[PDB]
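Chemist: Input file: input-v9.txt. Contents: compact mmCIF, C-alpha atoms.
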# COMPACT_ATOMS: atom_id res chain seq x y z
CA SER L 1 18.02 10.59 10.36
CA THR L 2 14.93 8.51 10.94
CA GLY L 3 11.17 8.90 10.94
CA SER L 4 8.33 7.00 12.57
CA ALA L 5 4.62 7.54 11.93
CA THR L 6 1.48 5.69 12.96
CA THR L 7 -0.76 4.42 10.19
CA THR L 8 -4.48 3.93 10.89
CA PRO L 9 -7.18 1.91 9.07
CA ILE L 10 -9.74 4.15 7.35
CA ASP L 11 -12.66 1.90 8.27
CA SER L 12 -13.69 -1.27 10.11
CA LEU L 13 -12.56 -3.50 7.21
CA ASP L 14 -8.99 -2.17 6.88
CA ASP L 15 -9.82 -1.09 3.32
CA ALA L 16 -6.79 1.22 3.40
CA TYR L 17 -4.52 2.93 5.91
CA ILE L 18 -3.81 6.64 6.38
CA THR L 19 -0.67 8.23 7.76
CA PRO L 20 -0.37 11.92 8.70
CA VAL L 21 2.09 13.92 6.57
CA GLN L 22 3.22 17.51 7.15
CA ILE L 23 3.46 19.60 3.95
CA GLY L 24 4.64 23.18 3.67
CA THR L 25 5.42 26.04 6.01
CA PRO L 26 3.60 26.42 8.35
CA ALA L 27 2.78 22.71 8.24
CA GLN L 28 -0.42 21.55 6.57
CA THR L 29 -1.15 18.03 7.82
CA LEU L 30 -2.84 15.72 5.32
CA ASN L 31 -3.67 12.05 5.83
CA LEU L 32 -2.10 10.12 2.96
CA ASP L 33 -2.34 6.55 1.74
CA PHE L 34 1.23 5.20 1.68
CA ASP L 35 1.40 3.07 -1.46
CA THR L 36 4.39 0.78 -2.17
CA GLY L 37 2.77 0.03 -5.55
CA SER L 38 3.07 3.55 -7.00
CA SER L 39 5.52 6.43 -7.08
CA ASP L 40 3.60 9.72 -7.01
CA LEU L 41 2.98 11.88 -3.94
CA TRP L 42 -0.26 13.64 -4.83
CA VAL L 43 -2.77 15.57 -2.77
CA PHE L 44 -6.20 17.08 -2.81
CA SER L 45 -5.56 20.79 -3.06
CA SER L 46 -6.95 24.28 -3.50
CA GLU L 47 -6.67 23.52 -7.24
CA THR L 48 -8.90 20.43 -7.15
CA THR L 49 -12.17 20.83 -9.06
CA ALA L 50 -14.59 21.89 -6.33
CA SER L 51 -17.29 19.32 -7.18
CA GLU L 52 -14.68 16.54 -6.77
CA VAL L 53 -13.83 17.47 -3.18
CA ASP L 54 -16.11 15.99 -0.50
CA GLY L 55 -14.65 16.22 2.99
CA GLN L 56 -10.93 15.83 2.28
CA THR L 57 -8.33 18.12 3.78
CA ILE L 58 -6.64 20.11 1.03
CA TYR L 59 -3.13 21.42 0.51
CA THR L 60 -3.09 25.14 -0.33
CA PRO L 61 0.32 25.99 -1.80
CA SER L 62 -0.35 29.74 -1.70
CA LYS L 63 -0.37 29.49 2.12
CA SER L 64 3.04 27.78 2.26
CA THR L 65 6.09 30.05 2.29
CA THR L 66 8.27 27.17 1.01
CA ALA L 67 6.03 26.10 -1.90
CA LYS L 68 7.28 26.73 -5.43
CA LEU L 69 5.51 25.89 -8.68
CA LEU L 70 7.53 23.36 -10.68
CA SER L 71 7.04 25.24 -13.91
CA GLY L 72 5.62 23.26 -16.81
CA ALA L 73 5.32 19.99 -14.90
CA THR L 74 2.13 17.95 -15.04
CA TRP L 75 1.15 14.50 -13.85
CA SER L 76 -1.56 11.94 -14.57
CA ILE L 77 -1.95 8.51 -13.03
CA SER L 78 -4.28 5.54 -13.37
CA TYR L 79 -4.38 2.82 -10.74
CA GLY L 80 -5.12 -0.90 -11.00
CA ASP L 81 -8.58 -0.41 -9.52
CA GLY L 82 -9.56 1.95 -12.34
CA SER L 83 -9.26 5.17 -10.33
CA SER L 84 -7.22 8.14 -11.53
CA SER L 85 -6.06 11.68 -10.83
CA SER L 86 -4.03 14.41 -12.52
CA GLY L 87 -2.76 17.94 -12.09
CA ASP L 88 0.31 20.13 -11.77
CA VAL L 89 3.31 20.13 -9.40
CA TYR L 90 4.87 22.12 -6.58
CA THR L 91 8.03 21.50 -4.64
CA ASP L 92 7.74 21.94 -0.88
CA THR L 93 8.97 20.65 2.46
CA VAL L 94 7.43 17.31 3.44
CA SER L 95 7.83 15.58 6.80
CA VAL L 96 6.75 12.11 7.87
CA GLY L 97 7.07 11.12 11.49
CA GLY L 98 9.85 13.63 12.13
CA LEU L 99 11.81 12.92 8.92
CA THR L 100 11.98 15.97 6.67
CA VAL L 101 12.64 16.24 2.94
CA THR L 102 13.07 19.65 1.35
CA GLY L 103 12.25 20.14 -2.32
CA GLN L 104 9.86 17.17 -2.49
CA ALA L 105 7.59 17.09 -5.55
CA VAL L 106 4.04 17.52 -4.26
CA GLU L 107 1.63 16.75 -7.07
CA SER L 108 -1.47 18.92 -6.77
CA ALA L 109 -4.65 17.37 -8.10
CA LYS L 110 -6.78 19.37 -10.50
CA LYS L 111 -8.97 16.32 -11.15
CA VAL L 112 -9.68 13.11 -9.25
CA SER L 113 -11.94 10.19 -10.14
CA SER L 114 -15.12 9.40 -8.24
CA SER L 115 -13.57 6.74 -5.99
CA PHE L 116 -11.26 9.37 -4.53
CA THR L 117 -13.99 11.99 -4.12
CA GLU L 118 -16.20 9.44 -2.37
CA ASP L 119 -13.52 8.56 0.18
CA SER L 120 -13.43 11.51 2.57
CA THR L 121 -10.72 9.92 4.73
CA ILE L 122 -7.90 9.87 2.13
CA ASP L 123 -6.34 13.26 1.32
CA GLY L 124 -3.91 11.84 -1.26
CA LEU L 125 -1.27 9.17 -1.86
CA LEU L 126 2.39 8.90 -0.98
CA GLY L 127 4.10 6.54 -3.40
CA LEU L 128 6.89 4.27 -2.18
CA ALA L 129 7.59 2.14 -5.27
CA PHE L 130 10.61 2.95 -7.44
CA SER L 131 10.93 6.44 -8.88
CA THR L 132 11.02 5.04 -12.43
CA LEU L 133 7.19 4.79 -12.16
CA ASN L 134 6.71 8.47 -11.26
CA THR L 135 4.35 10.10 -13.76
CA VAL L 136 5.55 13.73 -13.70
CA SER L 137 6.30 15.09 -17.16
CA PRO L 138 8.53 16.32 -18.72
CA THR L 139 10.91 15.85 -15.78
CA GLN L 140 10.28 12.70 -13.73
CA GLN L 141 10.38 13.24 -9.98
CA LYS L 142 11.68 11.21 -7.04
CA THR L 143 9.65 9.60 -4.28
CA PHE L 144 9.82 10.78 -0.69
CA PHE L 145 11.89 7.69 0.19
CA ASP L 146 14.32 8.21 -2.68
CA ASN L 147 14.85 11.84 -1.65
CA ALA L 148 15.29 10.89 2.02
CA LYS L 149 17.49 7.86 1.45
CA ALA L 150 20.96 9.39 1.62
CA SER L 151 20.13 11.11 4.92
CA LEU L 152 18.69 7.99 6.55
CA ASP L 153 20.67 6.01 9.11
CA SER L 154 19.98 2.93 6.94
CA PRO L 155 18.41 3.02 3.45
CA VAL L 156 15.21 1.22 4.45
CA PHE L 157 11.61 1.71 5.42
CA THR L 158 9.32 -0.75 7.18
CA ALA L 159 5.59 -1.44 7.05
CA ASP L 160 3.91 -2.82 10.15
CA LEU L 161 0.20 -2.74 9.32
CA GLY L 162 -2.38 -3.65 11.95
CA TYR L 163 -5.37 -5.95 11.72
CA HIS L 164 -8.32 -3.76 12.74
CA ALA L 165 -5.79 -1.59 14.62
CA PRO L 166 -3.15 1.08 14.01
CA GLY L 167 0.37 0.19 12.91
CA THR L 168 3.60 1.93 11.96
CA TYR L 169 5.73 3.10 9.05
CA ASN L 170 9.38 3.60 10.02
CA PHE L 171 12.07 5.19 7.87
CA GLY L 172 15.79 4.64 8.32
CA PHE L 173 15.80 1.92 10.98
CA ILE L 174 14.51 -1.54 11.81
CA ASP L 175 12.65 -1.71 15.14
CA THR L 176 13.85 -5.03 16.52
CA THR L 177 11.06 -4.98 19.13
CA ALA L 178 8.32 -4.95 16.46
CA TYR L 179 8.60 -8.56 15.27
CA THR L 180 9.19 -12.07 16.57
CA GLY L 181 11.89 -14.47 15.45
CA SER L 182 14.11 -13.44 12.55
CA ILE L 183 13.59 -11.45 9.36
CA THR L 184 13.90 -13.48 6.16
CA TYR L 185 15.18 -11.48 3.21
CA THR L 186 14.34 -12.28 -0.39
CA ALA L 187 15.42 -10.92 -3.79
CA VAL L 188 13.64 -8.04 -5.52
CA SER L 189 13.33 -7.26 -9.21
CA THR L 190 12.90 -3.57 -9.97
CA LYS L 191 12.36 -4.21 -13.69
CA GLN L 192 8.68 -3.19 -13.55
CA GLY L 193 9.26 -0.45 -10.94
CA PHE L 194 7.67 -2.46 -8.13
CA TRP L 195 8.86 -4.25 -5.02
CA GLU L 196 8.56 -7.50 -6.97
CA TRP L 197 9.62 -10.77 -5.38
CA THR L 198 8.96 -14.52 -5.58
CA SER L 199 7.14 -16.39 -2.85
CA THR L 200 8.21 -20.00 -2.40
CA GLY L 201 4.69 -21.44 -2.03
CA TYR L 202 1.57 -21.68 0.08
CA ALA L 203 -0.60 -23.72 2.40
CA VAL L 204 -4.33 -23.60 3.14
CA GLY L 205 -5.28 -23.98 6.79
CA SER L 206 -3.51 -26.91 8.39
CA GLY L 207 -2.80 -28.44 4.98
CA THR L 208 0.54 -29.41 3.53
CA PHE L 209 2.77 -26.71 2.08
CA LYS L 210 2.90 -26.57 -1.72
CA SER L 211 6.32 -25.53 -3.00
CA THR L 212 5.77 -23.35 -6.04
CA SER L 213 7.21 -20.03 -7.20
CA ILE L 214 4.72 -17.14 -7.10
CA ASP L 215 6.02 -13.86 -8.48
CA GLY L 216 4.22 -10.81 -7.15
CA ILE L 217 4.48 -7.33 -5.68
CA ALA L 218 4.44 -6.10 -2.10
CA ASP L 219 1.76 -3.41 -2.37
CA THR L 220 0.52 -1.53 0.70
CA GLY L 221 -1.91 0.42 -1.50
CA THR L 222 -3.92 -2.68 -2.49
CA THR L 223 -6.41 -4.01 0.06
CA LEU L 224 -6.57 -7.69 -0.86
CA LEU L 225 -4.32 -10.64 -1.72
CA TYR L 226 -4.44 -11.42 -5.46
CA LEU L 227 -2.95 -14.78 -6.45
CA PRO L 228 -3.15 -17.25 -9.36
CA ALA L 229 -6.55 -18.83 -9.98
CA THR L 230 -5.24 -22.29 -9.07
CA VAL L 231 -4.11 -21.11 -5.62
CA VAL L 232 -7.28 -19.13 -4.96
CA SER L 233 -9.52 -22.05 -5.98
CA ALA L 234 -7.60 -24.35 -3.61
CA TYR L 235 -8.20 -21.88 -0.76
CA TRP L 236 -11.93 -21.34 -1.30
CA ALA L 237 -12.58 -25.05 -1.88
CA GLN L 238 -11.98 -25.40 1.88
CA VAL L 239 -14.89 -23.08 2.73
CA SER L 240 -18.34 -24.66 2.50
CA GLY L 241 -20.58 -22.66 0.19
CA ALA L 242 -17.86 -20.39 -1.19
CA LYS L 243 -18.05 -19.57 -4.88
CA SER L 244 -16.82 -17.11 -7.46
CA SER L 245 -19.54 -14.63 -8.35
CA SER L 246 -19.19 -12.73 -11.62
CA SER L 247 -22.01 -10.40 -10.50
CA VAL L 248 -20.23 -9.47 -7.27
CA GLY L 249 -16.74 -9.49 -8.82
CA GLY L 250 -14.95 -12.31 -7.04
CA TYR L 251 -15.16 -15.01 -4.43
CA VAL L 252 -17.89 -14.75 -1.83
CA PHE L 253 -18.62 -17.05 1.08
CA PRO L 254 -21.37 -17.55 3.68
CA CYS L 255 -20.98 -15.05 6.49
CA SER L 256 -21.58 -17.98 8.89
CA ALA L 257 -18.26 -19.60 7.85
CA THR L 258 -15.09 -19.93 9.86
CA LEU L 259 -12.30 -19.17 7.38
CA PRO L 260 -9.07 -21.18 7.30
CA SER L 261 -5.70 -19.49 7.52
CA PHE L 262 -3.48 -19.01 4.47
CA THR L 263 0.29 -19.41 4.63
CA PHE L 264 2.77 -17.98 2.14
CA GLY L 265 6.46 -18.79 1.81
CA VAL L 266 9.36 -16.37 2.05
CA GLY L 267 12.40 -18.46 1.31
CA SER L 268 12.32 -21.26 3.89
CA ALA L 269 10.20 -19.08 6.22
CA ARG L 270 6.42 -19.01 6.45
CA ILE L 271 3.98 -16.15 7.08
CA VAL L 272 0.54 -17.19 8.35
CA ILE L 273 -2.48 -15.04 7.53
CA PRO L 274 -5.22 -15.84 10.07
CA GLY L 275 -8.61 -16.70 8.62
CA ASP L 276 -10.24 -13.62 10.13
CA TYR L 277 -7.93 -11.38 8.03
CA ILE L 278 -9.58 -12.85 4.91
CA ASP L 279 -13.11 -11.71 5.89
CA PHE L 280 -14.22 -8.49 4.18
CA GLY L 281 -17.76 -8.65 5.45
CA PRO L 282 -21.18 -8.52 3.82
CA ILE L 283 -21.21 -7.71 0.11
CA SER L 284 -23.95 -5.15 0.84
CA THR L 285 -25.41 -4.03 4.14
CA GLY L 286 -27.39 -6.83 5.78
CA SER L 287 -26.33 -9.53 3.33
CA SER L 288 -25.35 -13.00 4.51
CA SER L 289 -22.91 -13.28 1.58
CA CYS L 290 -19.45 -12.07 2.59
CA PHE L 291 -16.60 -10.90 0.35
CA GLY L 292 -13.32 -12.81 0.36
CA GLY L 293 -9.94 -11.30 1.01
CA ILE L 294 -8.06 -13.68 -1.32
CA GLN L 295 -9.02 -13.17 -4.96
CA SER L 296 -7.76 -14.25 -8.37
CA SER L 297 -5.12 -12.17 -10.13
CA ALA L 298 -6.15 -13.60 -13.50
CA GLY L 299 -6.59 -10.67 -15.84
CA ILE L 300 -4.67 -8.24 -13.58
CA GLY L 301 -1.46 -9.47 -15.11
CA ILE L 302 0.41 -9.56 -11.82
CA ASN L 303 0.06 -11.17 -8.41
CA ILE L 304 -0.37 -8.68 -5.57
CA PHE L 305 0.61 -9.20 -1.96
CA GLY L 306 -1.69 -6.46 -0.68
CA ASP L 307 -2.66 -5.48 2.85
CA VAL L 308 -4.29 -8.86 3.67
CA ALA L 309 -0.86 -10.48 3.34
CA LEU L 310 1.37 -7.63 4.49
CA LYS L 311 -0.51 -6.96 7.74
CA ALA L 312 0.35 -10.51 8.86
CA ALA L 313 4.05 -9.56 8.80
CA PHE L 314 6.67 -6.99 9.70
CA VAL L 315 7.95 -6.01 6.25
CA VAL L 316 11.31 -4.43 5.42
CA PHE L 317 11.66 -2.50 2.18
CA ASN L 318 15.43 -2.44 1.79
CA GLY L 319 16.46 0.28 -0.66
CA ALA L 320 20.16 -0.49 -0.66
CA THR L 321 21.99 -0.47 -4.01
CA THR L 322 20.59 -3.96 -4.60
CA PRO L 323 17.11 -3.77 -3.08
CA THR L 324 15.60 -6.66 -1.13
CA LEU L 325 12.45 -7.37 0.89
CA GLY L 326 12.36 -8.79 4.40
CA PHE L 327 9.46 -10.52 6.17
CA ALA L 328 9.11 -11.47 9.83
CA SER L 329 6.22 -12.81 11.85
CA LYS L 330 4.93 -10.54 14.64
Is it possible to give me this structure as structure tokens?
Modeler:
Amino acid sequence: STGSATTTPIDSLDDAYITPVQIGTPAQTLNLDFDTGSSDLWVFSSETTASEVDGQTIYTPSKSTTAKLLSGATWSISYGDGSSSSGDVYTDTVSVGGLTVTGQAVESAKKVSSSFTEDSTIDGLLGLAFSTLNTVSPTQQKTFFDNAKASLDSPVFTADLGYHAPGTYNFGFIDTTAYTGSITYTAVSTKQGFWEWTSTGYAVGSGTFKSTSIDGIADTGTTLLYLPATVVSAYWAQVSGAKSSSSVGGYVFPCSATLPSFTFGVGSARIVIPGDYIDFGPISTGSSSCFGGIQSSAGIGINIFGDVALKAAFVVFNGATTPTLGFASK
């Protein structure tokens, strides 16, 4: 089997991407944030505290003939950005782009933090990291991909995120028309439960490539590119007037700037992030200070190849017995 679903930016900045997901019988379609940095499929629901719902579409398990309470199971998750959610668990039928999993754990939120409430466009998350990170207790549950894997034509999914435009998540096949050149594969460590890999270096604009190992995670659920302070300083030093602002919470730059590109290495291959992908616009409405899309990972504890990086590539998440990651230009 295979599946193919379009993923759409939630706003004009590509802050996140939503993908429609069919849950239950008859189908209830919710727009979920596919997150390769976590491993829970959770949704706004009829059980979510009413004051914490503001415009989201909810899953109502009592209206699904295939929903079953997973008795005694609870979940609770905290994300790197400080947001969180928790609740109980149902199993139900879940389909993405024509690919169906029966008995998928659907984690129903009883509580969500303010960031989730305030984002009316995201109805929940669909985790695509390794199932070892799943938070369901006392019986850990499998991700949608893990459940689907054996049925897939090939044990892979691909992320093809757009810049200010829709893109695609495919399951079970590699669309050879969706990228240019060849795909370069690189080793993955699953030791922390992430799609963790080592970039071979970077360049800023038309500058020389610096060969240096940068360990980090491929994370579709993180907006920006978070890299070591040395690398980030080298980038922003090429933008007149750019500075790190503790009050704003990272590097800012004059909105009048033309940003240089940023290149990262994948083995001997190179992925180029155009300068425009690094512009996250005014820090507040009307401001001439703009927020940068490359930020320091210092104090996160891990480097994160978030959407800024991933949307410059066609990315293969290869879930074979020994997982690997592939990157191609597009």
Chemist: Please measure the separation of atom CA of residue 136 of chain L and atom CA of residue 88 of chain L, giving the value in Å to one decimal.
Modeler: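 According to the coordinates, atom CA of residue 136 of chain L and atom CA of residue 88 of chain L are separated by 8.5 Å.
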Chemist: Figure out the distance between atom CA of residue 118 of chain L and atom CA of residue 44 of chain L, please, to one decimal in Å.
Modeler: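 Atom CA of residue 118 of chain L lies 12.6 Å from atom CA of residue 44 of chain L.
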Chemist: Please list as an MDAnalysis selection string every residue within 7 Å of residue 128 of chain L, counting all atoms listed in the file and excluding residues in the same chain fewer than 5 positions away.
Modeler: chainID L and resid 34:39 143 145
Chemist: Any idea what the distance is between atom CA of residue 292 of chain L and atom CA of residue 197 of chain L?
Modeler: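 Distance between the two atoms: 23.7 Å.
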Chemist: Applying 10 Å and all atoms listed in the file, which residues near residue 8 of chain L remain after dropping the ones on its own chain fewer than 5 positions away? List them as a PyMOL selection string.
Modeler: chain L and resi 14+16-20+31+33+161-168
Chemist: Let me make sure I understand: among L:223, L:194, L:302, L:247, which one has the smallest atom-to-atom distance to residue 280 of chain L if we use only C-alpha atoms?
Modeler: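 Nearest to residue 280 of chain L: L:223.
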Chemist: So, with all atoms listed in the file as the atoms that count, which of L:320, L:328, L:304, L:99 lies closest to residue 222 of chain L?
Modeler: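 Once distances to residue 222 of chain L are computed over all atoms listed in the file, the minimum belongs to L:304.
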Chemist: Quick one: contact table of segment 47-155 of chain L to segment 174-190 of chain L, 10 Å max, nearest atom pair and distance in Å to one decimal per residue, counting all atoms listed in the file, chain and number order, as JSON lines?
Modeler:
{"residue": "L:129", "atom": "CA", "partner": "L:190", "partner_atom": "CA", "distance": 9.1}
{"residue": "L:130", "atom": "CA", "partner": "L:190", "partner_atom": "CA", "distance": 7.4}
{"residue": "L:132", "atom": "CA", "partner": "L:190", "partner_atom": "CA", "distance": 9.1}
{"residue": "L:154", "atom": "CA", "partner": "L:174", "partner_atom": "CA", "distance": 8.6}
Chemist: Using all atoms listed in the file, which residue out of L:5, L:231, L:13, L:133 lies closest to residue 193 of chain L?
Modeler: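 Closest to residue 193 of chain L of all the choices is L:133.
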Chemist: Let me make sure I understand: among L:256, L:226, L:244, L:261, which one has the smallest atom-to-atom distance to residue 80 of chain L if we use all atoms listed in the file?
Modeler: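 Ranked by minimum distance to residue 80 of chain L, first place goes to L:226.
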Chemist: Name the closest residue to residue 12 of chain L among the candidates L:303, L:265, L:277, L:52; distances are taken between atoms, counting all atoms listed in the file.
Modeler: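 Smallest distance to residue 12 of chain L is found for L:277.
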Chemist: For each of L:117, L:198, L:288, L:84, take the minimum atom-to-atom distance to residue 56 of chain L, counting only C-alpha atoms, then give the residue where this is smallest.
Modeler: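 With only C-alpha atoms as the atom set, the closest residue is L:117.
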Chemist: If we count only C-alpha atoms, what is near residue 91 of chain L at a cut-off of 9 Å, once residues fewer than 5 positions away on the same chain are taken out, given as a PyMOL selection string?
Modeler: chain L and resi 66-70+102-107
Chemist: Store the residues picked out above, limited to C-alpha atoms, as a compact mmCIF listing (two decimals), in the coordinates of the input.
Modeler:
# COMPACT_ATOMS: atom_id res chain seq x y z
CA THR L 66 8.27 27.17 1.01
CA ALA L 67 6.03 26.10 -1.90
CA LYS L 68 7.28 26.73 -5.43
CA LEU L 69 5.51 25.89 -8.68
CA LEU L 70 7.53 23.36 -10.68
CA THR L 102 13.07 19.65 1.35
CA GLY L 103 12.25 20.14 -2.32
CA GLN L 104 9.86 17.17 -2.49
CA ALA L 105 7.59 17.09 -5.55
CA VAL L 106 4.04 17.52 -4.26
CA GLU L 107 1.63 16.75 -7.07
Chemist: For a quick check of your reading of the model, name the residues lying within 10 Å of the coordinate (1.6, 29.3, 1.5), counting only C-alpha atoms, and write them as an NGL selection string.
Modeler: :L and (24-28 or 59-68 or 92)
Chemist: Find the residues around residue 309 of chain L up to 10 Å (only C-alpha atoms counted), leave out those fewer than 5 positions away in its own chain, and share them as a compact mmCIF listing (two decimals) with C-alpha atoms, keeping the file's coordinate frame.
Modeler:
# COMPACT_ATOMS: atom_id res chain seq x y z
CA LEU L 161 0.20 -2.74 9.32
CA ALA L 218 4.44 -6.10 -2.10
CA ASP L 219 1.76 -3.41 -2.37
CA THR L 220 0.52 -1.53 0.70
CA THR L 223 -6.41 -4.01 0.06
CA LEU L 224 -6.57 -7.69 -0.86
CA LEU L 225 -4.32 -10.64 -1.72
CA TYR L 226 -4.44 -11.42 -5.46
CA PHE L 262 -3.48 -19.01 4.47
CA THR L 263 0.29 -19.41 4.63
CA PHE L 264 2.77 -17.98 2.14
CA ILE L 271 3.98 -16.15 7.08
CA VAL L 272 0.54 -17.19 8.35
CA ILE L 273 -2.48 -15.04 7.53
CA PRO L 274 -5.22 -15.84 10.07
CA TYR L 277 -7.93 -11.38 8.03
CA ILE L 278 -9.58 -12.85 4.91
CA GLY L 293 -9.94 -11.30 1.01
CA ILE L 294 -8.06 -13.68 -1.32
CA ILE L 304 -0.37 -8.68 -5.57
Chemist: Excluding residue 94 of chain L and residues on its chain fewer than 6 positions from it, collect all residues at most 6 Å away from it, counting all atoms listed in the file, and give them as number ranges by chain.
Modeler: L: 22-23, 100-101
